[PDB]
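Next comes query13.txt, with compact mmCIF, C-alpha atoms.
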# COMPACT_ATOMS: atom_id res chain seq x y z
CA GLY A 112 0.00 0.00 0.00
CA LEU A 113 2.88 2.39 0.68
CA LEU A 114 3.46 3.08 -3.01
CA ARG A 115 1.37 6.25 -3.03
CA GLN A 116 3.37 8.06 -0.35
CA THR A 117 7.04 7.22 -1.07
CA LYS A 118 9.48 9.05 -3.34
CA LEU A 119 11.03 6.52 -5.71
CA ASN A 120 14.12 7.71 -7.57
CA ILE A 121 15.81 5.98 -10.50
CA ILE A 122 19.51 6.60 -11.00
CA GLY A 123 22.13 5.38 -13.48
CA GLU A 124 25.93 5.05 -13.84
CA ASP A 125 26.49 8.76 -14.24
CA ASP A 126 24.23 10.34 -11.61
CA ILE A 127 25.55 12.19 -8.59
CA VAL A 128 23.20 13.10 -5.78
CA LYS A 129 24.54 15.93 -3.62
CA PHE A 130 23.62 17.00 -0.10
CA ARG A 131 24.99 19.75 2.17
CA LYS A 132 28.22 17.99 3.16
CA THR A 133 27.91 14.64 1.41
CA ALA A 134 27.57 13.27 -2.12
CA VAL A 135 26.65 9.89 -3.60
CA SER A 136 28.00 8.36 -6.84
CA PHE A 137 27.74 4.97 -8.56
CA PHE A 138 29.72 2.36 -10.48
CA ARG A 139 28.45 -0.73 -12.28
CA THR A 140 29.31 -4.21 -10.94
CA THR A 141 28.48 -7.83 -11.87
CA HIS A 142 26.28 -10.13 -9.71
CA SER A 143 23.61 -12.82 -10.02
CA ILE A 144 20.99 -10.17 -10.89
CA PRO A 145 20.98 -7.44 -13.54
CA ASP A 146 21.65 -3.76 -13.06
CA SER A 147 23.82 -3.87 -9.96
CA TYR A 148 25.78 -0.90 -8.63
CA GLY A 149 28.47 -0.23 -6.08
CA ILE A 150 28.39 3.08 -4.24
CA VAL A 151 30.75 5.90 -3.33
CA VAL A 152 29.71 8.16 -0.48
CA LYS A 153 31.86 11.29 -0.44
CA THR A 154 32.25 13.04 2.87
CA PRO A 155 34.74 15.70 4.07
CA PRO A 156 36.95 13.31 6.11
CA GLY A 157 37.33 11.13 2.99
CA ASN A 158 35.48 8.76 0.64
CA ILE A 159 33.59 5.60 1.62
CA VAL A 160 33.08 2.79 -0.90
CA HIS A 161 30.43 0.05 -0.83
CA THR A 162 30.95 -2.81 -3.30
CA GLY A 163 27.36 -3.93 -3.19
CA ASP A 164 27.39 -7.63 -3.99
CA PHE A 165 29.92 -8.43 -6.68
CA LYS A 166 31.89 -10.89 -8.72
CA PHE A 167 34.10 -10.39 -11.72
CA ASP A 168 32.97 -11.56 -15.14
CA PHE A 169 34.96 -10.49 -18.16
CA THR A 170 32.44 -12.06 -20.50
CA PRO A 171 29.15 -11.13 -18.80
CA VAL A 172 25.65 -11.41 -20.26
CA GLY A 173 24.84 -7.84 -19.20
CA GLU A 174 26.77 -4.54 -19.12
CA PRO A 175 30.39 -5.16 -18.11
CA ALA A 176 31.48 -4.05 -14.64
CA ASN A 177 33.08 -0.59 -14.79
CA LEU A 178 36.72 -1.41 -14.03
CA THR A 179 37.91 1.87 -15.43
CA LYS A 180 35.74 3.77 -12.95
CA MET A 181 36.70 1.56 -10.02
CA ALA A 182 40.38 2.30 -10.72
CA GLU A 183 39.68 6.05 -10.82
CA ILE A 184 37.79 5.81 -7.51
CA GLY A 185 40.87 4.34 -5.85
CA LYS A 186 43.18 6.94 -7.38
CA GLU A 187 40.91 9.76 -6.22
CA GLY A 188 41.46 8.34 -2.73
CA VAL A 189 39.40 6.08 -0.51
CA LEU A 190 39.05 6.33 3.25
CA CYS A 191 37.25 3.02 3.77
CA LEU A 192 35.98 0.06 1.72
CA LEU A 193 32.97 -2.09 2.60
CA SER A 194 33.48 -5.24 0.52
CA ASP A 195 31.27 -8.30 -0.06
CA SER A 196 32.71 -11.21 1.97
CA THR A 197 30.29 -13.97 1.07
CA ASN A 198 32.49 -16.17 -1.12
CA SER A 199 35.82 -15.39 0.51
CA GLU A 200 36.50 -18.99 1.54
CA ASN A 201 36.81 -20.05 -2.10
CA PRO A 202 40.22 -19.56 -3.79
CA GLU A 203 38.97 -20.24 -7.28
CA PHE A 204 37.94 -17.70 -9.90
CA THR A 205 34.20 -17.58 -10.51
CA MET A 206 33.05 -19.23 -13.74
CA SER A 207 31.45 -16.77 -16.16
CA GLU A 208 27.76 -16.75 -16.98
CA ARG A 209 28.91 -17.06 -20.57
CA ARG A 210 30.06 -20.60 -19.64
CA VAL A 211 26.72 -21.65 -18.14
CA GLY A 212 24.89 -20.27 -21.15
CA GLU A 213 27.10 -22.49 -23.27
CA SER A 214 26.16 -25.40 -20.97
CA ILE A 215 22.50 -24.58 -21.30
CA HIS A 216 22.64 -24.55 -25.10
CA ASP A 217 24.46 -27.86 -24.98
CA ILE A 218 21.69 -29.49 -23.00
CA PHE A 219 19.09 -28.17 -25.44
CA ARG A 220 20.86 -29.95 -28.31
CA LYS A 221 21.29 -33.32 -26.59
CA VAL A 222 17.92 -33.86 -24.85
CA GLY B 112 82.99 -5.47 -26.19
CA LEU B 113 80.25 -3.11 -27.39
CA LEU B 114 79.73 -1.58 -23.96
CA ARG B 115 82.03 1.38 -24.64
CA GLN B 116 80.11 2.67 -27.66
CA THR B 117 76.43 2.25 -26.81
CA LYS B 118 74.13 4.68 -25.01
CA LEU B 119 72.44 2.84 -22.15
CA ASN B 120 69.46 4.63 -20.62
CA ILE B 121 67.72 3.72 -17.36
CA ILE B 122 64.03 4.65 -17.06
CA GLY B 123 61.38 4.21 -14.32
CA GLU B 124 57.59 4.17 -13.91
CA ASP B 125 57.24 7.88 -14.37
CA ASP B 126 59.57 8.70 -17.29
CA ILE B 127 58.36 9.91 -20.66
CA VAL B 128 60.76 10.05 -23.60
CA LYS B 129 59.53 12.40 -26.34
CA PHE B 130 60.49 12.60 -29.99
CA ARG B 131 59.27 14.86 -32.82
CA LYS B 132 55.92 13.15 -33.42
CA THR B 133 56.04 10.24 -30.98
CA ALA B 134 56.38 9.69 -27.24
CA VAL B 135 57.06 6.67 -25.02
CA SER B 136 55.67 5.98 -21.52
CA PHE B 137 55.69 3.04 -19.11
CA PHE B 138 53.57 1.05 -16.67
CA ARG B 139 54.66 -1.64 -14.23
CA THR B 140 53.58 -5.28 -14.76
CA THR B 141 54.19 -8.65 -13.06
CA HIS B 142 56.19 -11.48 -14.65
CA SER B 143 58.72 -14.23 -13.74
CA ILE B 144 61.48 -11.60 -13.42
CA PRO B 145 61.68 -8.37 -11.47
CA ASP B 146 61.28 -4.86 -12.75
CA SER B 147 59.08 -5.52 -15.79
CA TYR B 148 57.32 -2.80 -17.75
CA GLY B 149 54.67 -2.57 -20.40
CA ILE B 150 54.91 0.26 -22.93
CA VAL B 151 52.71 2.97 -24.41
CA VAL B 152 53.90 4.49 -27.69
CA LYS B 153 51.95 7.68 -28.43
CA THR B 154 51.59 8.65 -32.07
CA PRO B 155 49.28 11.13 -33.84
CA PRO B 156 46.89 8.50 -35.32
CA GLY B 157 46.42 7.03 -31.81
CA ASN B 158 48.13 5.16 -28.95
CA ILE B 159 49.81 1.77 -29.18
CA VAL B 160 50.15 -0.46 -26.13
CA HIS B 161 52.65 -3.28 -25.58
CA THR B 162 51.98 -5.52 -22.51
CA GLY B 163 55.50 -6.83 -22.31
CA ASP B 164 55.23 -10.25 -20.75
CA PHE B 165 52.65 -10.30 -17.98
CA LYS B 166 50.54 -12.14 -15.50
CA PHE B 167 48.43 -10.78 -12.66
CA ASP B 168 49.47 -11.30 -9.07
CA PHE B 169 47.58 -9.46 -6.35
CA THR B 170 50.03 -10.63 -3.72
CA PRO B 171 53.36 -10.28 -5.55
CA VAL B 172 56.85 -10.46 -4.06
CA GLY B 173 57.89 -7.27 -5.87
CA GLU B 174 56.17 -3.98 -6.70
CA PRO B 175 52.49 -4.56 -7.57
CA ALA B 176 51.41 -4.15 -11.17
CA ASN B 177 50.07 -0.65 -11.78
CA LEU B 178 46.37 -1.38 -12.39
CA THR B 179 45.38 2.20 -11.80
CA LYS B 180 47.69 3.32 -14.61
CA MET B 181 46.55 0.59 -16.97
CA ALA B 182 42.96 1.70 -16.46
CA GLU B 183 43.89 5.33 -17.19
CA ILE B 184 45.72 4.27 -20.37
CA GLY B 185 42.55 2.62 -21.69
CA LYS B 186 40.45 5.67 -20.76
CA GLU B 187 42.86 8.02 -22.54
CA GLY B 188 42.17 5.91 -25.63
CA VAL B 189 44.07 3.07 -27.26
CA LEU B 190 44.44 2.48 -30.99
CA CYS B 191 46.00 -0.97 -30.76
CA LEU B 192 47.09 -3.51 -28.13
CA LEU B 193 49.97 -5.98 -28.46
CA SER B 194 49.29 -8.54 -25.73
CA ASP B 195 51.28 -11.52 -24.46
CA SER B 196 49.67 -14.71 -25.81
CA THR B 197 51.86 -17.34 -24.30
CA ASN B 198 49.55 -18.89 -21.72
CA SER B 199 46.27 -18.27 -23.49
CA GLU B 200 45.34 -21.96 -23.72
CA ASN B 201 45.04 -22.17 -19.90
CA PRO B 202 41.68 -21.08 -18.39
CA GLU B 203 42.91 -21.07 -14.83
CA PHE B 204 44.08 -18.10 -12.81
CA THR B 205 47.86 -18.05 -12.23
CA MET B 206 48.98 -19.07 -8.76
CA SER B 207 50.69 -16.21 -6.88
CA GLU B 208 54.38 -16.24 -6.08
CA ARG B 209 53.22 -15.67 -2.52
CA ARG B 210 51.87 -19.25 -2.66
CA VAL B 211 55.12 -20.80 -3.87
CA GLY B 212 57.05 -18.91 -1.20
CA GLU B 213 54.73 -20.48 1.35
CA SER B 214 55.47 -23.89 -0.24
CA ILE B 215 59.20 -23.24 -0.09
CA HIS B 216 59.10 -22.36 3.62
CA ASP B 217 57.06 -25.48 4.24
CA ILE B 218 59.71 -27.68 2.66
CA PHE B 219 62.38 -26.02 4.77
CA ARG B 220 60.55 -26.99 7.97
CA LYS B 221 59.90 -30.62 7.01
CA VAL B 222 63.18 -31.75 5.47

What is this file in structure tokens?
Amino acid sequence: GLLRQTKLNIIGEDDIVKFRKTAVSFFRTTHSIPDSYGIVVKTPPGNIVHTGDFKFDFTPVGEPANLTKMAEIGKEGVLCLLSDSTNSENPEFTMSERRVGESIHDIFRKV
Amino acid sequence: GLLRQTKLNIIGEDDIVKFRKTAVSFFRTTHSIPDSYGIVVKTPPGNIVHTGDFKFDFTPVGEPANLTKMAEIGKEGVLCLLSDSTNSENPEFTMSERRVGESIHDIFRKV
């Protein structure tokens, strides 16, 4: 029911939302759902970065994670990073969705 | 014998050598020998990039590959890339020298 009375905003890669002493920017990541962003909260004492949930996929189905922009963010300086820990026990590099897609198509030919 | 009559120059991360219509810059990479650089040759029609020989190691023994600078180089625009093909048949991610060091120390305790 609360749809009527809440202010829903849609942002994209390039939007910056500024407040008195604080600003919020975005950078695209890859995850198990489309359209995922990480976040940079700029504050006077320095910049805070939130990875959202992320993997790396160099052959993704969607829009490729913005590595260029992540590198810039680090150069510009970063006070603190909040990074997704969920899969940290696994040493291996995550298989690309491209590979499962291939596996899907293969099943469709054999069955 | 040819040491006497050749001009040996030593460069570092931050050196640029300029010529009439062409300039040469450098970025640090990781490889099986220390002090390895990739190269950016700037020319009017666009920029050419040479990877040297490279792997990625996020826990290297030496100076870490300059990812920030690689990202910048791509942003600045790149006409053509000459990239090291040698290990391109292997899908896996290269084990870090940090891990072999660990394995070396382990041998030294057991033997």

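For chain A, the residues within 9 Å of chain B are residues 178, 179, 180, 181, 182, 183, 185, 186, 203 and 204 of chain A, with only C-alpha atoms used to measure distance.
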
Superposition of chain A onto chain B by least squares over all sequentially paired C-alpha atoms; the transformed chain is requested as a PDB file with C-alpha atoms, in the coordinates of the input.
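Once written, result-v2.pdb looks like this:
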ATOM      1  CA  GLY A 112      83.002  -5.457 -26.191  1.00  0.00           C
ATOM      2  CA  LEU A 113      80.272  -3.100 -27.400  1.00  0.00           C
ATOM      3  CA  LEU A 114      79.768  -1.574 -23.958  1.00  0.00           C
ATOM      4  CA  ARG A 115      82.054   1.383 -24.629  1.00  0.00           C
ATOM      5  CA  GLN A 116      80.149   2.677 -27.655  1.00  0.00           C
ATOM      6  CA  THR A 117      76.440   2.251 -26.788  1.00  0.00           C
ATOM      7  CA  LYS A 118      74.140   4.690 -24.994  1.00  0.00           C
ATOM      8  CA  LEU A 119      72.453   2.851 -22.131  1.00  0.00           C
ATOM      9  CA  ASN A 120      69.461   4.617 -20.599  1.00  0.00           C
ATOM     10  CA  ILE A 121      67.690   3.689 -17.368  1.00  0.00           C
ATOM     11  CA  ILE A 122      64.041   4.638 -17.039  1.00  0.00           C
ATOM     12  CA  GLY A 123      61.370   4.166 -14.365  1.00  0.00           C
ATOM     13  CA  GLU A 124      57.560   4.166 -13.962  1.00  0.00           C
ATOM     14  CA  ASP A 125      57.238   7.900 -14.398  1.00  0.00           C
ATOM     15  CA  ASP A 126      59.571   8.711 -17.300  1.00  0.00           C
ATOM     16  CA  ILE A 127      58.345   9.926 -20.662  1.00  0.00           C
ATOM     17  CA  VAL A 128      60.723  10.040 -23.590  1.00  0.00           C
ATOM     18  CA  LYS A 129      59.546  12.400 -26.332  1.00  0.00           C
ATOM     19  CA  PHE A 130      60.502  12.603 -29.996  1.00  0.00           C
ATOM     20  CA  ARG A 131      59.289  14.863 -32.827  1.00  0.00           C
ATOM     21  CA  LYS A 132      55.946  13.136 -33.420  1.00  0.00           C
ATOM     22  CA  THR A 133      56.059  10.244 -30.970  1.00  0.00           C
ATOM     23  CA  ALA A 134      56.342   9.672 -27.222  1.00  0.00           C
ATOM     24  CA  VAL A 135      57.060   6.652 -25.024  1.00  0.00           C
ATOM     25  CA  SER A 136      55.643   5.967 -21.534  1.00  0.00           C
ATOM     26  CA  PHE A 137      55.704   3.033 -19.103  1.00  0.00           C
ATOM     27  CA  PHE A 138      53.580   1.044 -16.664  1.00  0.00           C
ATOM     28  CA  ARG A 139      54.668  -1.645 -14.217  1.00  0.00           C
ATOM     29  CA  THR A 140      53.579  -5.274 -14.757  1.00  0.00           C
ATOM     30  CA  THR A 141      54.187  -8.643 -13.043  1.00  0.00           C
ATOM     31  CA  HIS A 142      56.219 -11.499 -14.627  1.00  0.00           C
ATOM     32  CA  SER A 143      58.717 -14.217 -13.713  1.00  0.00           C
ATOM     33  CA  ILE A 144      61.506 -11.611 -13.437  1.00  0.00           C
ATOM     34  CA  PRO A 145      61.710  -8.368 -11.458  1.00  0.00           C
ATOM     35  CA  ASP A 146      61.270  -4.851 -12.746  1.00  0.00           C
ATOM     36  CA  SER A 147      59.071  -5.508 -15.757  1.00  0.00           C
ATOM     37  CA  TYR A 148      57.290  -2.788 -17.723  1.00  0.00           C
ATOM     38  CA  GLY A 149      54.626  -2.531 -20.373  1.00  0.00           C
ATOM     39  CA  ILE A 150      54.899   0.277 -22.901  1.00  0.00           C
ATOM     40  CA  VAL A 151      52.714   2.969 -24.427  1.00  0.00           C
ATOM     41  CA  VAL A 152      53.870   4.471 -27.701  1.00  0.00           C
ATOM     42  CA  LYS A 153      51.922   7.644 -28.446  1.00  0.00           C
ATOM     43  CA  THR A 154      51.614   8.639 -32.063  1.00  0.00           C
ATOM     44  CA  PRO A 155      49.287  11.119 -33.837  1.00  0.00           C
ATOM     45  CA  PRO A 156      46.913   8.481 -35.309  1.00  0.00           C
ATOM     46  CA  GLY A 157      46.423   7.075 -31.786  1.00  0.00           C
ATOM     47  CA  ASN A 158      48.140   5.172 -28.959  1.00  0.00           C
ATOM     48  CA  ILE A 159      49.819   1.761 -29.203  1.00  0.00           C
ATOM     49  CA  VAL A 160      50.172  -0.448 -26.120  1.00  0.00           C
ATOM     50  CA  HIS A 161      52.643  -3.297 -25.566  1.00  0.00           C
ATOM     51  CA  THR A 162      51.965  -5.500 -22.526  1.00  0.00           C
ATOM     52  CA  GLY A 163      55.476  -6.842 -22.365  1.00  0.00           C
ATOM     53  CA  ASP A 164      55.220 -10.263 -20.765  1.00  0.00           C
ATOM     54  CA  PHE A 165      52.668 -10.285 -17.979  1.00  0.00           C
ATOM     55  CA  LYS A 166      50.564 -12.102 -15.456  1.00  0.00           C
ATOM     56  CA  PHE A 167      48.415 -10.811 -12.654  1.00  0.00           C
ATOM     57  CA  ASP A 168      49.499 -11.263  -9.053  1.00  0.00           C
ATOM     58  CA  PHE A 169      47.606  -9.427  -6.357  1.00  0.00           C
ATOM     59  CA  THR A 170      50.041 -10.596  -3.713  1.00  0.00           C
ATOM     60  CA  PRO A 171      53.369 -10.276  -5.558  1.00  0.00           C
ATOM     61  CA  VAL A 172      56.857 -10.447  -4.052  1.00  0.00           C
ATOM     62  CA  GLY A 173      57.881  -7.259  -5.872  1.00  0.00           C
ATOM     63  CA  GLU A 174      56.162  -3.943  -6.693  1.00  0.00           C
ATOM     64  CA  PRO A 175      52.502  -4.541  -7.561  1.00  0.00           C
ATOM     65  CA  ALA A 176      51.455  -4.161 -11.197  1.00  0.00           C
ATOM     66  CA  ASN A 177      50.077  -0.659 -11.827  1.00  0.00           C
ATOM     67  CA  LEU A 178      46.386  -1.395 -12.407  1.00  0.00           C
ATOM     68  CA  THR A 179      45.417   2.182 -11.775  1.00  0.00           C
ATOM     69  CA  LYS A 180      47.682   3.344 -14.602  1.00  0.00           C
ATOM     70  CA  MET A 181      46.559   0.605 -16.975  1.00  0.00           C
ATOM     71  CA  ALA A 182      42.940   1.714 -16.477  1.00  0.00           C
ATOM     72  CA  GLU A 183      43.875   5.340 -17.207  1.00  0.00           C
ATOM     73  CA  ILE A 184      45.718   4.254 -20.371  1.00  0.00           C
ATOM     74  CA  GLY A 185      42.538   2.651 -21.681  1.00  0.00           C
ATOM     75  CA  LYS A 186      40.409   5.666 -20.779  1.00  0.00           C
ATOM     76  CA  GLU A 187      42.843   8.009 -22.522  1.00  0.00           C
ATOM     77  CA  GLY A 188      42.174   5.889 -25.613  1.00  0.00           C
ATOM     78  CA  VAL A 189      44.069   3.068 -27.266  1.00  0.00           C
ATOM     79  CA  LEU A 190      44.402   2.456 -30.985  1.00  0.00           C
ATOM     80  CA  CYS A 191      45.985  -0.994 -30.749  1.00  0.00           C
ATOM     81  CA  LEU A 192      47.084  -3.501 -28.086  1.00  0.00           C
ATOM     82  CA  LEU A 193      49.945  -5.979 -28.451  1.00  0.00           C
ATOM     83  CA  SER A 194      49.255  -8.551 -25.727  1.00  0.00           C
ATOM     84  CA  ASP A 195      51.272 -11.540 -24.471  1.00  0.00           C
ATOM     85  CA  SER A 196      49.635 -14.730 -25.813  1.00  0.00           C
ATOM     86  CA  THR A 197      51.883 -17.370 -24.310  1.00  0.00           C
ATOM     87  CA  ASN A 198      49.568 -18.886 -21.700  1.00  0.00           C
ATOM     88  CA  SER A 199      46.280 -18.277 -23.481  1.00  0.00           C
ATOM     89  CA  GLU A 200      45.366 -21.966 -23.691  1.00  0.00           C
ATOM     90  CA  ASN A 201      45.020 -22.171 -19.909  1.00  0.00           C
ATOM     91  CA  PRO A 202      41.662 -21.104 -18.389  1.00  0.00           C
ATOM     92  CA  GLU A 203      42.897 -21.071 -14.828  1.00  0.00           C
ATOM     93  CA  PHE A 204      44.107 -18.084 -12.830  1.00  0.00           C
ATOM     94  CA  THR A 205      47.852 -18.069 -12.241  1.00  0.00           C
ATOM     95  CA  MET A 206      48.923 -19.032  -8.719  1.00  0.00           C
ATOM     96  CA  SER A 207      50.696 -16.204  -6.895  1.00  0.00           C
ATOM     97  CA  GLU A 208      54.386 -16.236  -6.079  1.00  0.00           C
ATOM     98  CA  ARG A 209      53.250 -15.670  -2.516  1.00  0.00           C
ATOM     99  CA  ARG A 210      51.871 -19.247  -2.645  1.00  0.00           C
ATOM    100  CA  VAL A 211      55.125 -20.813  -3.856  1.00  0.00           C
ATOM    101  CA  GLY A 212      57.064 -18.919  -1.216  1.00  0.00           C
ATOM    102  CA  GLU A 213      54.737 -20.470   1.331  1.00  0.00           C
ATOM    103  CA  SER A 214      55.472 -23.871  -0.262  1.00  0.00           C
ATOM    104  CA  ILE A 215      59.179 -23.231  -0.101  1.00  0.00           C
ATOM    105  CA  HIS A 216      59.074 -22.351   3.597  1.00  0.00           C
ATOM    106  CA  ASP A 217      57.048 -25.484   4.203  1.00  0.00           C
ATOM    107  CA  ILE A 218      59.692 -27.684   2.650  1.00  0.00           C
ATOM    108  CA  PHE A 219      62.391 -26.024   4.751  1.00  0.00           C
ATOM    109  CA  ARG A 220      60.537 -27.008   7.934  1.00  0.00           C
ATOM    110  CA  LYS A 221      59.881 -30.641   7.001  1.00  0.00           C
ATOM    111  CA  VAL A 222      63.195 -31.765   5.444  1.00  0.00           C
TER     112      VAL A 222
END

| field | Using all atoms listed in the file: which of B:209, B:139, B:131, B:221 has the shortest distance to residue B:164 | value |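 With all atoms listed in the file as the atom set, the closest residue is B:139.
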
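Distance-wise, atom CA of residue A:152 and atom CA of residue A:124 end up 14.2 Å apart.
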
| remark: From atom CA of residue B:151 to atom CA of residue A:175 the spacing works out at 24.6 Å

| Which of these residues is nearest to residue A:143, using only C-alpha atoms: A:118, A:129, A:161, A:166? |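 Among A:118, A:129, A:161, A:166, it is A:166 that comes nearest to residue A:143.
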
| field | Residues within 7 Å of stretch 170-173 of chain B, all atoms listed in the file, excluding chain neighbours under 6 positions, as a PyMOL selection string | value | chain B and resi 145+207-209

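You will find atom CA of residue B:123 at 25.9 Å from atom CA of residue B:156.
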
Let me have the centre and edge lengths of the axis-aligned box enclosing all listed atoms of stretch 119-137 of chain A with 8 Å padding on every side, in Å to one decimal, as lines of an AutoDock Vina configuration file.
center_x = 19.6
center_y = 12.4
center_z = -5.5
size_x = 33.2
size_y = 30.8
size_z = 33.4

| request: List the neighbours of residue B:165 out to 10 Å using all atoms listed in the file; skip same-chain residues closer than 5 positions along the sequence, and give me the result as a PyMOL selection string. | output: chain B and resi 139-143+147-149+176+194-198

| task | Fewer than 4 positions away in the same chain doesn't count, so skip those; otherwise give me all residues within 10 Å of residue A:122, counting all atoms listed in the file, as a PyMOL selection string. | result | chain A and resi 126-128+136-137

| query | B:162, B:214, B:154, B:168: which is nearest residue B:132, counting only C-alpha atoms? | reply | B:154
